[PDB]
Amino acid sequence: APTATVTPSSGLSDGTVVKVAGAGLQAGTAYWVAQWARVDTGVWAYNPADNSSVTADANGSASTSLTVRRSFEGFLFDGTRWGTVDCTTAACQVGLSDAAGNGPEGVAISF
C-alpha cells in the first residue's frame, strides 16, 4: 500500500512549485513524477516538460519538487501528440510511477 502526497494540492497557479512525496514505495526503485490528465475515456496525457525521476530511500520514501502547469501540450504513452490540456476543466493529477506500471494512486490537483 504505497501512498502519495502533493503539497500544496489546491488553489494552484501556472508555475507553482509543489512538493511531491511518496511513502511505502519499494526501496531503490525509480518513480517518474509527472503531471497527468484524463483527457478522454481511457486516454491519459502527460506533461513532457516538467517531470523528474526520484529514487526511493531505504524507508520506502521519495520526495521532489514539481512545477505544475494549468495548461500544457499533452502526450500519450507512445509519443503521440494529444493536444492542449487545460487543468481548469480536465481532471489533472500528479503521479509517481515505476517502470512496471505500479506505485500509488495519482493525487488530484486543482487550480
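Just count from 1 along the sequence shown to find any residue number.
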Quick one: say whether 53-61 or 69-77 has the higher mean Cα B-factor in the deposited entry. 53-61
Would 42-50 or 82-90 have the larger average of its C-alpha temperature factors, as given in the entry? 82-90
Can you work out whether the C-alpha temperature factor of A99 puts it in the lowest, middle or highest third of the chain? highest
Chain-relative C-alpha B factor for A27 (record values, thirds): the highest
Assert third(CA B-factor, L12) within chain per record equals highest
